[PDB]
Amino acid sequence: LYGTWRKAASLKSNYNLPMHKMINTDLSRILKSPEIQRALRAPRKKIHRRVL
Amino acid sequence: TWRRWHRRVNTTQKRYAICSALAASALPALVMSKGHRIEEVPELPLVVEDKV
Amino acid sequence: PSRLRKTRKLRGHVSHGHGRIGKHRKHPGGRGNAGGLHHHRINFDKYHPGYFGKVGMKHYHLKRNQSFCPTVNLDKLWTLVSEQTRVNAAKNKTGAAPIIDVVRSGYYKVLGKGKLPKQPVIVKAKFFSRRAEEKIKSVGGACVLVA
Amino acid sequence: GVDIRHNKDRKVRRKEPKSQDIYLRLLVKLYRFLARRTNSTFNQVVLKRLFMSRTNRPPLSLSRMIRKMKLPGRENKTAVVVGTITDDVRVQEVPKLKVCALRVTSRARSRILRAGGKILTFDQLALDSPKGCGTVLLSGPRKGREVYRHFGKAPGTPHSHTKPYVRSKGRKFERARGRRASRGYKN
Amino acid sequence: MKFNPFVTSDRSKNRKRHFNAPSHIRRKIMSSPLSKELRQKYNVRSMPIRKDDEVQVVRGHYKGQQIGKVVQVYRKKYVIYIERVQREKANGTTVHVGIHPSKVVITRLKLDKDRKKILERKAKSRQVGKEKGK
Amino acid sequence: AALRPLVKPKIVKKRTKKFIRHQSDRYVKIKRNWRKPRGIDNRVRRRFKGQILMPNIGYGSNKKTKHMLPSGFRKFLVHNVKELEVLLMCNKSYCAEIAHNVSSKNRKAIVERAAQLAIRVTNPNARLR
Amino acid sequence: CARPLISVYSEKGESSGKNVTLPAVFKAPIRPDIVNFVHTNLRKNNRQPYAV
Amino acid sequence: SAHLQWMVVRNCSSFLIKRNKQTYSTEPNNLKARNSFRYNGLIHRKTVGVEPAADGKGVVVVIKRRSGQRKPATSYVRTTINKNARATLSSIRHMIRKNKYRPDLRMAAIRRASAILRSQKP
RNA sequence: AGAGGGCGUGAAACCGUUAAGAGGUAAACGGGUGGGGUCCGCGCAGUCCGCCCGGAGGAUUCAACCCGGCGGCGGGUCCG
RNA sequence: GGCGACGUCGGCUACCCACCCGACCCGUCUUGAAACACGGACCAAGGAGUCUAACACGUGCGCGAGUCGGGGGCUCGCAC
Ligand SMILES: [Mg+2]
Ligand SMILES: [Mg+2]
Ligand SMILES: [Mg+2]
Ligand SMILES: [Mg+2]
Ligand SMILES: [Mg+2]
Ligand SMILES: [Mg+2]
């Protein structure tokens, strides 16, 4: 009645189900991937507050 | 009384919203965070047999 | 949505967004297209040039069906049939050219627009342009006419 | 007072999309990590293109892409477009190129996948090339709309070529004086 | 839930049909339940109250096991008067305070030829409700 | 002080004087609620001296000291037990209020749940017998 | 695509031997901005014109 | 999908209190009652929660099973712990960090457990 | 009856009264302190609270270690 | 480091009063209003940029060389 993504809906004449804008949607796994973190700089983790 | 009371939505958006309305009723977090106390229930797309 | 609009944000200010001096009254310039030659002239040239006068022949009771001909030019010419035809068309079977009649697709005239591919055709239309027939006669195709 | 002049304080670009798409908002969060952290300028171009409007994201047809990838050097790169890939009827056969885009249309991704190519989203682009190495990022004709041929000097100035707003094309609709030297003048 | 599209569900039109009621509808709407002894002997739930029923009051200021007959049924004020529950005025004359018949339980019906025919018809129409369970 | 709330600073406030509407003294049709004067000639908008001040963002209070009560907490008004328990990990920073509709029976119970959890209630002895 | 199996529960609460595959509706894009856009617009087709 | 379930519930949900100030999340399974992305007990594969014991003697520790989501009758496995006020505070921190089961929110599991045990002391 | 026959609630303008304060530059207001007053909070030279350690006696039982035992975490031939 | 109990300590608002300094009455048209320019004795409730059509441009969403059922039609006789 809504069809999978291989085959269209049968009881609805010209409808197939809407595609995704993101495939992998858990980006806590993407940003911890070795492909990503091979490429990053380093965190810059001082504060450098105002100096009198 | 000739105010435009009634609104059109083109039907691929009606079917877009009805696939997004069914797919969130399978995630236990979204259906419990709408308030439905679904703690003790088993498997989230509940299917009882056709004898019901 | 009366919430999201300008008059809520403009409520409390005296002149309501229309000026202390000009003080929007009813119809300061005339109603409608008034002054189209006289005091709105600078607007009617520079934005509507040509707007005043006779230009042509009067034609009483034209009927918008006698002059009816939709056009398909040669780039869109192959989508009238299957893509299953032209891949079947070129598989070494002789020069057997498929038919494409635009009149059962709802078109009458075949115009020119470049890159007609290398296969021979026969094209059934009510009308043709001469650029279009010499694209078709250049790929070895034919150009058969129908009433 | 100082006299350092006004209007230099404010810039009028976009810092987040105005969309409420929760799938575009996670693509934003992925790339504004990568923009401020990996030091490659591909990820700054793609990040500010995700912020852009729908008019600033024009559709890119199937034969602008494969005409812009018959060039020498582009033989094994991937095509990025932030926006849709429609398909041309004009093109007859499709090469096996690798594309990457928001929202490829249905008939286009039947022709890319028959050709043997691979379609990607911006997730699995980021896993593939985080620096954006070996990508050809394309755009559609953003001044190809029907609106931009109405803009210019004026339709009634000398050599305007501006296409005025008439309600219906035909005889006696904005064609009489100012448009021919017999009736009045010609601009 | 109401399905019949010819009968009301608004507040304002059901009140207006209540206080402007005809006096033969008004005896129907002033009905009272039978006692638990007596609804088993007649297998009928409730009855429209008349002039010499023995009756006791089940809620209110005057309540609790005080069988005593009605004496006057105001339909216009939706009120029965019972011979025992009264009220002394400031004058010292005693008057009947009036109570609504929904708050009141018949303990002995007054049978006549018609109160046989009303009970028998209200009781016969319950066995067909039992005969539907097949 | 029944309870002590972590670090309480010196609460400075820039003004303690409750901005009033112009001409609110002279009439009683005019409430004292602030409405900024948009007349073309008046001397409050044009900001002469010795007259009624008009609020601007410079009078804003310090961000680390904003919404601080004089006791050092910040109020969070509740209605029952089930939303008193949400303030359990905030009890040295925030304080509870009982809303003005909560009956004297239930108000008696949600202050005894407050004393077990050691959360400051600002109005513990309200609507007693 | 990941389409798991879902047990059909009997009338007495426990499972049965029937296990239906999750149809592809439940892996659609979740879009609460379209569902807001549709439910705003289709609840307005529901109303009598004003007592003008 | 810990993030897209977050971007529905972020605002615009039940279990969400906003009064005059701070926002609260009042979840069944949430240590520190903030509506944080970490501190949400519906949206994660792994969650930690410490409710008081039913009688008023101890702490229960609900954790998420991970053996199957989408099936919430058996999604939670809970342990009542009734020990002597630092070995129940040490027992629930071995349950966090001897496992790799969210080293995040380790102190928030023991700030909550310590402040819920002295809710029981008289 | 603080619901007493145009009687639910009973605002303001206005007026009576009592209380307090004051009064030849008409009153009113801004800013700054002061004096009185109503009232609150603390409770009144009686205020700190929880952390660890060493002191002083008391009162109980686990921990460490092992065994029984169910339940979860993570890795593995992807073995079924 | 020092100081203080049953009347004292602290506190502030739409409390009242005092004093020094500053201070003409609002709205409005206007080059210019405190104006010997007009409106306003006072209070309460009411009270003024709406809705429909057309168009332009920006923006958001669906599909995308296409798009669109609005007009009808079908679905057991269904509160919504
Ligand atoms: Mg203005
Ligand atoms: Mg304006
Ligand atoms: Mg004007
Ligand atoms: Mg009605
Ligand atoms: Mg001026
Ligand atoms: Mg003036």
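Note that chain H is numbered according to Swiss-Prot, with residues 2-123 shown in order.
Looks like electron microscopy, 3.5 Å, at least that's what the header says.
From the backbone N, Cα and C atoms, a Cβ is placed for every residue, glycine too.
Features as listed in Swiss-Prot:
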| type | residues | note |
| --- | --- | --- |
| CROSSLNK | H:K58 | SUMO2 cross-link |
| CROSSLNK | H:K65 | SUMO2 cross-link |
| MOD_RES | H:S2 | N-acetylserine |
| MOD_RES | H:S115 | phosphoserine |
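Cβ neighbours within 10 Å of H:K65 (SUMO2 cross-link), excluding its own Cβ and spanning all shown chains: 21. Between H:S2 (N-acetylserine) and H:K65 (SUMO2 cross-link), the C-alpha separation comes to 16 Å. Under 8 Å, Cβ to Cβ, and six or more positions away along its own chain, H:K58 (SUMO2 cross-link) finds H:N83, H:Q121. If you take the Cα of H:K65 (SUMO2 cross-link) and the Cα of H:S115 (phosphoserine), they are about 21 angstrom apart, rounded to a whole number. Shown in sequence order, H:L90 are the residues of the chain, 6+ apart in sequence, with a C-beta less than 8 angstroms from the C-beta of the residue listed as 'phosphoserine'. Secondary structure at H:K58 (SUMO2 cross-link), as computed by DSSP, is coil.
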